[PDB]
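I have a structure here, written as structure tokens, and I will follow up with some questions on it.
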Amino acid sequence: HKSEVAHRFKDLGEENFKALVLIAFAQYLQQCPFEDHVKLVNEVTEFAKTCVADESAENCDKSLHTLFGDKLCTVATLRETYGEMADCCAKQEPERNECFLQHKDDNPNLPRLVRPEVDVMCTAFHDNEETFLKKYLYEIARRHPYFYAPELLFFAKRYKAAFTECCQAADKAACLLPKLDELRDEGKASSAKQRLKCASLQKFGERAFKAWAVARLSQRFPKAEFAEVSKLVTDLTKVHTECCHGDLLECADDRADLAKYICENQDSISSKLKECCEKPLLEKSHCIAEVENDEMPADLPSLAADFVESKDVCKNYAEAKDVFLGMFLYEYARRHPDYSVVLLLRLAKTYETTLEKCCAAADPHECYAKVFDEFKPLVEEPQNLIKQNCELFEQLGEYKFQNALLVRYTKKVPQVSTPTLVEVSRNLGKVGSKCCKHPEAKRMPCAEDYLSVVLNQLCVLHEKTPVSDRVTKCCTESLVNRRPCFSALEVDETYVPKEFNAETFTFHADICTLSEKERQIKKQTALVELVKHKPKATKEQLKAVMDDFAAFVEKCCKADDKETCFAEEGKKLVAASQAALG
Ligand SMILES: N[C@@H](Cc1cc(I)c(Oc2cc(I)c(O)c(I)c2)c(I)c1)C(=O)O
Ligand SMILES: CCCCCCCCCCCCCC(=O)O
Ligand SMILES: CCCCCCCCCCCCCC(=O)O
Ligand SMILES: CCCCCCCCCCCCCC(=O)O
């Protein structure tokens, strides 16, 4: 078209356009105040209006990058505030935009955003719905300059829905609080997965990423042909490369193109893309990204046919290794939506190591004849962990299950910081209550998704302040061995316990008036500290101590004289427990 702005304005709609422009500016000028971004938005919107009325109006012909940069270079304090960035204004596009990208600070130093009280929240929402939402949108956008703008807007509307429904409720807190926590965790998970995918693309290269994509895409679209799946894997890879570089406009267009491509070839890909494809421009991508797996053909052959028997195997493999291997992935992955993607990759890698060390020997057909027998234990390892851990999770509840993990992991890597152990364990705990609820068919994909961020999170922390070569080992290994490596950790035989510390095991009647989340974190913290002092303690010896402690919290949070009870009965507990634990 003659005018890009006019065009975007038209299919985006005034509301969406204003919110995205706001997010876009907040992600670059992370230091400017809200009121100043609001002024920019209005001027840009006003300008956009002009181009809608007359495509040929002054400056309407210029591209989005160009218009964005000139307005960005409009800020008078650019140099005094952003310094180096102001120098970007001296060069011409595309260098200018490229220059701006390099100065976007991923982790700026802004105070943590605190959650105000439900009533001040609900009142602000009522008295001025828009500024309340645009202000937080801004605060969130400046802290996460790389979070895909449209997705951030998508979260904003769910937040609005949560305030509309909950602020009219009798008990606003019972309604609103659990929704905010869910929203928050979900957002944090989306950011981590986004950062994770880009990191992975960097370290392991395109091949590994494409492999992951083939397996992922063939589980969702088991009916699409391999050539279609390859086409999508290609564009999907260009899209992520471009979106990871951080250029919003380029990323958005790449996603829109890919979204429409899929919709126009709907019948040739999946039967579940119906809804997603009749939605507005701004939502297609997101929807398609979250679609459910289509049903498989059920009239599908046996993998063994074309991959084990057929004597044409090494010939087909030598002619195009990656293609053949991709086909293997596609074929194995679309018959197994129940496998985690990394499991599919472990099988693909194993098959690869076999074809290599078998196509270079006498009679191929006999060397690789039993490959499928090596798959069996690879498949069963994760499954066994799911049943085993999910059973235990039912015997105990979420909380007691978390404690079990705490005892198990503290013994594994005693070197790790207590607060880290507690946090990781609690998160592992959730994964249990959020995945064991599904039927066996979806349990593994579930755990993989959740475990991938929890694990990368853990690794990053350890990255900053390393404390164990073993953790570092598991953390710097390939993405397919990460989880198995952590599972293989054994109790630390060399670890030398910490000396007793009265304080660490002293507790006042503070825990009585704390919220469940607080009471637990405190009990769990002492628990990690307990195992660190006496790591050779039995599951029993420990259970006994956690027992005396359990009641102890009752006999003191229910006695007319707290503090005294806690300090009197507390002396007993420590003395007795110390003896039981020799
Ligand atoms: N330690 C945090 C709590 C927290 C627990 C989990 I478990 C978690 O991980 C996921 C992963 C996926 I995938 C999801 O869809 C969701 I929702 C949460 C995240 I992020 C945060 C705190 O209390 O501050
Ligand atoms: C469409 C061609 C891409 C398929 C490439 C097949 C590679 C299979 C090996 C598994 C990859 C895991 C990543 C890795 O360990 O390098
Ligand atoms: C995941 C964000 C990228 C959005 C790309 C939309 C294109 C449709 C492919 C969606 C298939 C899901 C595969 C995946 O997890 O990336
Ligand atoms: C040196 C030993 C001192 C004894 C310290 C006791 C700490 C154990 C707290 C564990 C709490 C288990 C949680 C629960 O009661 O449900």
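Heads up: numbering here begins at 1 and tracks the sequence. Because only heavy atoms are used, hydrogens play no part in the values below, and waters and symmetry mates are left out as well, while side chains stay in.
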Practice task
Find out whether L428 and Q402 are in side-chain contact, i.e. whether some heavy atom of one side chain is under 4.5 Å from a heavy atom of the other.
Solution key: no

Exercise for the section: Please report the shortest heavy-atom distance between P222 and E295, naming the atom on each side. Expected result: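 Here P222 and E295 meet closest at CG-O, 3.8 Å.
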
Exercise for the section: Walk me through it: do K434 and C446 pass the test side-chain contact (heavy atoms from CB on, under 4.5 Å)? Expected result: CA-CA 8 Å; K434 199 155 193 181; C446 185; 5.5 Å; no

Exercise for the section: Please report the C-alpha distance between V491 and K412 in whole Å, then the side-chain angles of each, then the deciding distance to 0.1 Å, and finally whether the side-chain contact (heavy atoms from CB on, under 4.5 Å) criterion is met. Expected result: CA-CA 4 Å; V491 179; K412 300 279 200 182; 5.6 Å; no

Practice task
Using only the SG atoms, decide whether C314 and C358 are less than 2.5 Å apart.
Solution key: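 The answer is no, since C358 and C314 keep their SG atoms 2.5 Å or more apart.
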
Exercise for the section: Please check if the side chain of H286 supplies one atom and the backbone of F154 the other of a donor-acceptor pair under 3.5 Å. Expected result: no

Practice task
List the steps and the verdict of side-chain contact (heavy atoms from CB on, under 4.5 Å) for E440 and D338.
Solution key: CA-CA 8 Å; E440 197 175 330; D338 58 330; over 6 Å; no

Exercise for the section: Before giving the answer on side-chain hydrogen bond (donor to acceptor under 3.5 Å, both in side chains), spell out for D257 and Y261 the whole-Å C-alpha distance, their side-chain angles and the decisive distance to 0.1 Å. Expected result: CA-CA 6 Å; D257 289 316; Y261 173 82; over 6 Å; no

Problem - N/O donor-acceptor pair under 3.5 Å between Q219 side chain and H336 backbone - result: yes

Practice task
Please report the closest heavy-atom contact between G429 and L405, naming both atoms and the distance.
Solution key: N-CD1, 3.9 Å

Exercise for the section: Verify, without hydrogens or angle tests, whether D294 (side chain) and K272 (backbone) share a donor-acceptor contact under 3.5 angstrom. Expected result: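 A pair under 3.5 Å: no.
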
Problem - Test item: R346 side-chain N/O and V480 main-chain N/O as donor-acceptor pair under 3.5 Å - result: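 Checked: pair present.
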
Handout entry: Distance in Å, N293 CG paired with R334 CZ, rounded so as to fall on 0.5 Å steps
Key =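 Answer for the CG-CZ pair, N293 versus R334, is 13.5 Å.
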
Practice task
Could you tell me the separation between the CD1 atom of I269 and the CD atom of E264, rounded to the nearest 0.5 Å?
Solution key: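 Going from CD1 on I269 over to CD on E264, the span is 10.0 Å.
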
Handout entry: Row check, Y28 ring normal vs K104 NZ/CZ: under 6.0 Å, within 45°
Key =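 Pair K104/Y28 counts as cation-pi.
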
Problem - Check: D492 side chain, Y495 main-chain N or O, donor-acceptor pair, under 3.5 Å - result: yes

Exercise for the section: Report yes if the side chains of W212 and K197 come closer than 4.5 Å at any heavy-atom pair, otherwise no. Expected result: yes

Handout entry: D322 with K210: basic N within carboxylate O range, under 4.0 Å
Key =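 No salt bridge links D322 with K210.
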
Practice task
Answer yes if the side chains of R426 and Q520 hold a donor-acceptor pair under 3.5 Å, and no otherwise.
Solution key: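 Per modelled atom types, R426 and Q520 side chains form a pair under 3.5 Å.
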
Practice task
May I ask you to test the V471-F486 pair for a side-chain heavy-atom distance under 4.5 Å?
Solution key: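 In short, these two side chains touch, coming nearer than 4.5 Å.
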
Exercise for the section: For the pair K193 and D449, find out whether any cationic side-chain nitrogen is under 4.0 Å from an anionic carboxylate oxygen. Expected result: yes

Practice task
Cation-pi check, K179 to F163: give yes when NZ or CZ is under 6.0 Å from the six-membered ring centre and within 45° of the ring axis, no otherwise.
Solution key: no

Handout entry: Which atom of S190 lies closest to which atom of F155, heavy atoms considered
Key =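 Nearest heavy atoms, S190 then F155: CB-CE1, 4.4 Å.
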
Problem - Heavy-atom closest pair, residues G432 and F401 - result: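 That would be CA-CE2, 4.4 Å.
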
Handout entry: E206 side chain to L201 backbone, donor-acceptor under 3.5 Å
Key = no

Problem - Any side-chain heavy-atom pair of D181 and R115 under 4.5 Å - result: yes

Handout entry: Check: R443 side chain, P439 main-chain N or O, donor-acceptor pair, under 3.5 Å
Key =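 Absent.
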
Practice task
Give me the ring orientation class for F328 and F372: parallel if the planes are under 30° apart, tilted from 30 to 60°, perpendicular past 60°.
Solution key: perpendicular

Practice task
May I ask you to check whether over 12 heavy atoms, not counting those of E225, lie within 6.0 Å of atom CD?
Solution key: no

Exercise for the section: Indicate, with yes or no, whether the SG-to-SG separation of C276 and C263 is under 2.5 Å. Expected result: no

Practice task
Please round to the nearest 0.5 Å and tell me the distance separating atom CD of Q388 and atom CD of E391.
Solution key: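 Result: 7.5 Å between the selected atoms.
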
Practice task
Grab the two heavy atoms, one from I288 and one from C277, that are nearest each other, plus how far apart they are.
Solution key: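 Between these two residues, the closest heavy atoms are CD1-SG, 4.3 Å.
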
Problem - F324, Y368, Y332 screened by ring pair (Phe, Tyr, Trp, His ring centres under 6.0 Å) with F307, the one that passes - result: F324

Exercise for the section: Report yes or no: does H462 contribute a side-chain atom to a donor-acceptor pair with the main-chain N or O of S468 at less than 3.5 Å? Expected result: yes

Handout entry: Carboxylate-amine/guanidinium proximity below 4.0 Å for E381 and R483
Key =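 Here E381 pairs with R483 in a salt bridge, since their nearest N and O are under 4.0 Å apart.
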
Exercise for the section: Starting at CG of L527, measure out to CG of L406 and round the result to the nearest 0.5 Å. Expected result: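 These two atoms lie 5.0 Å from each other.
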
Problem - pair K532-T418: side-chain heavy atoms closer than 4.5 Å - result: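 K532 vs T418: side chains touch.
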
Problem - Close side-chain approach of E423 and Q457, heavy atoms under 4.5 Å - result: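 In short, these two side chains touch, coming nearer than 4.5 Å.
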
Handout entry: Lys/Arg-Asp/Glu bridge criterion (N-O < 4.0 Å) met for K321, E352
Key = no

Problem - Candidate pair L248 and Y148, rule side-chain contact (heavy atoms from CB on, under 4.5 Å), full reasoning - result: CA-CA 7 Å; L248 173 58; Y148 187 55; 4.1 Å; yes

Exercise for the section: Examine distances only and state if a side-chain atom of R482 and a backbone atom of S478 form a donor-acceptor pair shorter than 3.5 Å. Expected result: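 The answer is no, because no donor-acceptor pair under 3.5 Å joins these two groups.
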
Exercise for the section: Identify whether the distance between the nearest side-chain nitrogen and carboxylate oxygen of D267 and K223 falls below 4.0 Å. Expected result: no

Practice task
Assign the ring pair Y330 / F226 to parallel, tilted or perpendicular, where the plane angle (0 to 90°) is split at 30° and 60°.
Solution key: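 Taking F226 first and then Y330, their aromatic rings sit tilted (interplane angle of 30° to 60°).
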
Exercise for the section: Could you please spell out the steps behind the side-chain hydrogen bond (donor to acceptor under 3.5 Å, both in side chains) verdict for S425 and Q524? Expected result: CA-CA 10 Å; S425 298; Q524 301 182 310; over 6 Å; no

Exercise for the section: Please lay out, stage by stage, how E356 and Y317 fare under the test side-chain hydrogen bond (donor to acceptor under 3.5 Å, both in side chains). Expected result: CA-CA 9 Å; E356 284 287 304; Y317 175 63; 2.8 Å; yes

Handout entry: Contact check, side chains of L236 and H240, non-hydrogen atoms, under 4.5 Å
Key =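 Yes, close enough: below the 4.5 Å cut-off.
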
Practice task
Give, for atom CG of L385 and atom CD of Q383, the distance between the pair rounded to the nearest 0.5 Å.
Solution key: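 It is 10.5 Å, given to the nearest 0.5 Å.
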
Exercise for the section: Flag the pair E516 and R519 as a salt bridge only when some basic side-chain nitrogen lies within less than 4.0 angstrom of an acidic carboxylate oxygen. Expected result: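 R519 and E516: salt-bridged.
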
Practice task
State the CD-CD1 distance between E380 and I386, to the nearest 0.5 angstrom.
Solution key: 14.0 Å

Problem - Minimum heavy-atom distance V341-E448, with the two atoms named - result: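 Shortest heavy-atom separation between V341 and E448 comes out as N-OE1, 2.8 Å.
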
Exercise for the section: Spell out, with a plain yes or no, whether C390 and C435 have SG atoms under 2.5 Å apart. Expected result: no

Practice task
Report yes or no: does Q27 contribute a side-chain atom to a donor-acceptor pair with the main-chain N or O of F147 at less than 3.5 Å?
Solution key: yes

Handout entry: Side chain to side chain, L329 and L325, heavy atoms closer than 4.5 Å
Key =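 Heavy-atom side-chain distance check fails, nothing below 4.5 Å.
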
Handout entry: Sulfur-sulfur distance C475/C459 under 2.5 Å
Key = yes

